[PDB]
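If you count the sequence shown from 1, you need to add 15 to reach the deposited numbering.
Here a beta-carbon is modelled for each residue, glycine too, at the ideal position from N, C-alpha and C.
Heads up, the thing below is written out as structure tokens.
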Amino acid sequence: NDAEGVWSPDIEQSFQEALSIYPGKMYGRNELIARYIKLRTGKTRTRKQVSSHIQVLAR
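As structure tokens, then:
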């Protein structure tokens, strides 16, 4: 292969810009789940209760 040439300075600069633009994680997910529950049931559950519930169900 190469690595030095595969990731040349111009490519590496574009790569870092794309890494800062496109995240690895879905931001605002717990708020979206809390909103969906509210619209569907009419009941209020917070982003924090949603986050805590995801952790309990994953363990």
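- In the displayed model, residue 40 falls within coil according to three-state DSSP, outside both helix and strand.
- In this structure, DSSP gives residue 49 a helical state, which the three-state scheme calls helix.
- Our two residues, residue 63 and residue 35, have alpha carbons roughly 26 Å apart in a direct line.
- Membership of residue 23 in any alpha helix (DSSP H) is not indicated, and neither H nor E is assigned to it by DSSP.
- In the three-state reduction of the DSSP assignment, residue 19 falls in the coil class.
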